[PDB]
Amino acid sequence: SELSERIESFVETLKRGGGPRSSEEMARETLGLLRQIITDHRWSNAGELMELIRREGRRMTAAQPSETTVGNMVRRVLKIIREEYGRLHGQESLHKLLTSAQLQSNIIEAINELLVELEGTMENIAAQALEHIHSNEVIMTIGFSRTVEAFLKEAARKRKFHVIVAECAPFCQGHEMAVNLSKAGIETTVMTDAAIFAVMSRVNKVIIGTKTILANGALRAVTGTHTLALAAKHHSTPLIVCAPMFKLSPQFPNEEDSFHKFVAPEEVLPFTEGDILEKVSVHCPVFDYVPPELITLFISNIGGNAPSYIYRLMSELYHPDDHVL
Amino acid sequence: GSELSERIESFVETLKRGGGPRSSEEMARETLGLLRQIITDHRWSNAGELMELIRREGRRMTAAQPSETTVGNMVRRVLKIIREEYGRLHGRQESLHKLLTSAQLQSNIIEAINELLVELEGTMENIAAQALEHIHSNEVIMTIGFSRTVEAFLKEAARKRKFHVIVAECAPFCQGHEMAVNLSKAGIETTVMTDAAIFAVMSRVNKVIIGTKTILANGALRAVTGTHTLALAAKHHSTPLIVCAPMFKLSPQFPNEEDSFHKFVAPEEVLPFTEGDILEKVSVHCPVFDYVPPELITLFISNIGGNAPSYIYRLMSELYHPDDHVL
């Protein structure tokens, strides 16, 4: 009842406009909502609970497939029920092929500790940040993302370096990073996207955030990230991606081409142009697809990793059956 | 003349024994002076006779030290000058157009040789005058070995700009250390590294500026040892590479047309004689010249301006004759 109306409000907020802007807020709200779902709805066996979770997660994902934090948090919860059921009652590999009613409290405590560990991902990333920045380095970022801004603005407490931020047109939110970071004395620079390659030779390394990392190591980021990665590969400069663990989602690029997110073309082309708006077709995607071959490293709350290892993290977070959801 | 033969013998002995003169510019000037004396203080009637004499002297000088090409380049330039003078005094390139369309010489040749010396004199300043347009403030420039042309280039550039220079010593002949002091005497904030570390530091280098010993026809280079590795690292990081090379260093030969392209010296520098027993089985090689393919070269800078490697064939065609690549 009350939980149902809260779920409906959450779905409507996702459909219209994200209230809690930070992805961490999305993860915390999704986990809390799943907590009241588990506590309130009645179930005898784990199967009906799993299918109810499948239905609710399907509804929430269908509300807005552009962002996948809700989806992979739901998948993590489903794996939590699977693990708890296997523990209280009793991974695909060649070894497997050759060889061969009180869990509610355990589920609740698992979700609680998941929230506790999710709280400190930013702090862990900041703690390990200092080992990848040396004095008088040149760093370039794209758009706005709180992870990398915390990264740099804490790693500059003991080091001095230069930072270049390219505005992510049309949503010129790189200016926000520039202002916030220059309010910490970092000697930053504000730049357009069209100049990326023009300056890319004189950059030591490039650190970027992301919105979602796929299974193959390819990621979905803000528009223009693919061009930056291509320039990096051309100049062979290392590329660092700062992404917490919950931004890892088990889908794959070729899925119905509902991958990008197209917004109103008002930002790209103002409505004041007039007559020419009929014969002209305008596209304003907000996300770009970066292949895994252009990525050098992954920094998460657990440490450093290579893209070629990303698949393993998939097996430790999501059961293969719950990919389709 | 007796003194002409004396000077020829002294020159060939100096070339074949060791170094001298110190700078390739001085060697080219001495070769041009010797050739001028040969042309003046000798008897000859037909242009063919003079060309045969010049060819014999050039063959002898090249056989004295094949690894040194400046003498051969000067001889071929003199031969081309003789050909042009005879052609435009008697009559009036090997192109498709030519395919489809079928007494006072000595003074003119001497005047042309004097013009060649005059433009040789100011080659270093001609190269260094355009340094300011290739360096920006707070740049990082990496250099290998020892080269007076690059030294003058960087000194001229540093007059009105500030940047950092990283020099890799060219082991075993660690002549880069001279850079290490010389640029330091100009206050350019230089750093010294062993030449085992190029790639390790290479990612932090904005541009690489190097000299060379010889430029081949296809656009390749004969440089100091390890320059091939530096060029490979530059190509890997796609950092632009600059070859400060005067005009007189364009040999019309080709890389694999011959051997002894590398020059081998005593292995004492690499491995000292004090090792003793292990030297009795160990084979040691100390090549002092390395081959740089033209693919890894981004730009050539000469006393006439900048050029791409793909255009080198034209310049080599504008200074020599195809029938003189055999000498």
# chains A, B, ... in the order shown; residues from 1 in each chain; ligands from 1
call {"tool": "interface_residues", "arguments": {"of": "chain A", "to": "chain B", "cutoff": "8 Å", "atoms": "only C-alpha atoms", "output": "list in words"}}
result
residues 201, 202, 204, 234, 235, 236 and 237 of chain A
call {"tool": "residues_around", "arguments": {"residues": "residue 317 in chain B", "least_positions_apart": "3", "cutoff": "10 Å", "atoms": "only C-alpha atoms", "output": "PyMOL selection string"}}
result
chain B and resi 93-94+217+252+312-314+320-322
call {"tool": "closest_residue", "arguments": {"among": "B:75, B:242, B:38, B:64", "to": "residue 106 in chain B", "atoms": "only C-alpha atoms"}}
result
B:38
call {"tool": "closest_residue", "arguments": {"among": "A:22, A:85, A:157, A:112", "to": "residue 34 in chain A", "atoms": "only C-alpha atoms"}}
result
A:112
call {"tool": "residues_around", "arguments": {"residues": "residue 41 in chain B", "least_positions_apart": "2", "cutoff": "8 Å", "atoms": "only C-alpha atoms", "output": "VMD selection string"}}
result
chain B and resid 1 4 37 to 39 43
call {"tool": "write_last_selection", "arguments": {"atoms": "N, CA, C and O atoms", "output": "JSON list (two decimals), in the first residue's frame"}}
result
[["chain", "number", "residue", "atom", "x", "y", "z"],
["B", 1, "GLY", "N", 100.75, 18.97, -59.65],
["B", 1, "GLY", "CA", 101.60, 19.63, -58.69],
["B", 1, "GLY", "C", 102.00, 18.75, -57.52],
["B", 1, "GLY", "O", 101.22, 17.90, -57.09],
["B", 4, "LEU", "N", 99.82, 19.58, -54.46],
["B", 4, "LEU", "CA", 98.47, 19.03, -54.62],
["B", 4, "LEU", "C", 98.43, 17.56, -54.21],
["B", 4, "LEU", "O", 97.54, 17.13, -53.48],
["B", 37, "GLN", "N", 91.25, 23.30, -55.81],
["B", 37, "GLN", "CA", 92.67, 23.25, -56.18],
["B", 37, "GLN", "C", 92.91, 22.23, -57.29],
["B", 37, "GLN", "O", 93.72, 22.45, -58.19],
["B", 38, "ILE", "N", 92.22, 21.09, -57.22],
["B", 38, "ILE", "CA", 92.33, 20.08, -58.28],
["B", 38, "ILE", "C", 91.88, 20.66, -59.61],
["B", 38, "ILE", "O", 92.55, 20.48, -60.64],
["B", 39, "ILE", "N", 90.75, 21.36, -59.62],
["B", 39, "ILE", "CA", 90.23, 21.93, -60.86],
["B", 39, "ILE", "C", 91.19, 22.99, -61.40],
["B", 39, "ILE", "O", 91.47, 23.03, -62.61],
["B", 43, "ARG", "N", 95.80, 20.12, -65.52],
["B", 43, "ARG", "CA", 95.61, 20.32, -66.95],
["B", 43, "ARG", "C", 94.49, 19.42, -67.46],
["B", 43, "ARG", "O", 94.47, 18.22, -67.17]]
call {"tool": "residues_around", "arguments": {"residues": "range 180-182 of chain B", "least_positions_apart": "3", "cutoff": "9 Å", "atoms": "only C-alpha atoms", "output": "ChimeraX atom specification"}}
result
/B:151,166-167,176-177,185-187,190-192
call {"tool": "write_last_selection", "arguments": {"atoms": "N, CA, C and O atoms", "output": "PDB file, in the first residue's frame"}}
result
ATOM      1  N   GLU B 151      72.602  21.950 -30.956  1.00  0.00           N
ATOM      2  CA  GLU B 151      73.055  22.819 -29.876  1.00  0.00           C
ATOM      3  C   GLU B 151      72.779  24.284 -30.196  1.00  0.00           C
ATOM      4  O   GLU B 151      72.210  25.016 -29.377  1.00  0.00           O
ATOM      5  N   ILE B 166      65.782  17.263 -22.169  1.00  0.00           N
ATOM      6  CA  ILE B 166      66.230  15.993 -21.610  1.00  0.00           C
ATOM      7  C   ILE B 166      67.160  15.347 -22.628  1.00  0.00           C
ATOM      8  O   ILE B 166      66.750  15.076 -23.763  1.00  0.00           O
ATOM      9  N   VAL B 167      68.401  15.091 -22.223  1.00  0.00           N
ATOM     10  CA  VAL B 167      69.432  14.560 -23.105  1.00  0.00           C
ATOM     11  C   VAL B 167      69.768  13.143 -22.665  1.00  0.00           C
ATOM     12  O   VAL B 167      70.020  12.896 -21.478  1.00  0.00           O
ATOM     13  N   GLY B 176      76.687  12.990 -25.062  1.00  0.00           N
ATOM     14  CA  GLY B 176      75.553  13.792 -24.634  1.00  0.00           C
ATOM     15  C   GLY B 176      75.864  14.630 -23.411  1.00  0.00           C
ATOM     16  O   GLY B 176      75.284  15.707 -23.226  1.00  0.00           O
ATOM     17  N   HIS B 177      76.799  14.163 -22.575  1.00  0.00           N
ATOM     18  CA  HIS B 177      77.195  14.909 -21.385  1.00  0.00           C
ATOM     19  C   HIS B 177      77.648  16.322 -21.736  1.00  0.00           C
ATOM     20  O   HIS B 177      77.475  17.251 -20.938  1.00  0.00           O
ATOM     21  N   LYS B 185      75.366  25.737 -19.416  1.00  0.00           N
ATOM     22  CA  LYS B 185      76.058  27.018 -19.452  1.00  0.00           C
ATOM     23  C   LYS B 185      75.176  28.125 -20.011  1.00  0.00           C
ATOM     24  O   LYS B 185      75.438  29.303 -19.745  1.00  0.00           O
ATOM     25  N   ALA B 186      74.140  27.777 -20.773  1.00  0.00           N
ATOM     26  CA  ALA B 186      73.160  28.746 -21.238  1.00  0.00           C
ATOM     27  C   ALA B 186      71.941  28.834 -20.330  1.00  0.00           C
ATOM     28  O   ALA B 186      71.065  29.670 -20.572  1.00  0.00           O
ATOM     29  N   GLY B 187      71.864  27.998 -19.297  1.00  0.00           N
ATOM     30  CA  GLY B 187      70.733  28.010 -18.389  1.00  0.00           C
ATOM     31  C   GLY B 187      69.429  27.613 -19.047  1.00  0.00           C
ATOM     32  O   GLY B 187      68.515  28.434 -19.168  1.00  0.00           O
ATOM     33  N   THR B 190      68.327  21.573 -18.061  1.00  0.00           N
ATOM     34  CA  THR B 190      68.424  20.285 -18.730  1.00  0.00           C
ATOM     35  C   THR B 190      68.541  19.144 -17.724  1.00  0.00           C
ATOM     36  O   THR B 190      68.890  19.335 -16.558  1.00  0.00           O
ATOM     37  N   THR B 191      68.235  17.943 -18.209  1.00  0.00           N
ATOM     38  CA  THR B 191      68.281  16.711 -17.434  1.00  0.00           C
ATOM     39  C   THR B 191      69.054  15.669 -18.229  1.00  0.00           C
ATOM     40  O   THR B 191      68.998  15.655 -19.461  1.00  0.00           O
ATOM     41  N   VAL B 192      69.797  14.817 -17.526  1.00  0.00           N
ATOM     42  CA  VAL B 192      70.637  13.796 -18.139  1.00  0.00           C
ATOM     43  C   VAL B 192      70.021  12.438 -17.849  1.00  0.00           C
ATOM     44  O   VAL B 192      69.589  12.176 -16.721  1.00  0.00           O
TER      45      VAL B 192
END
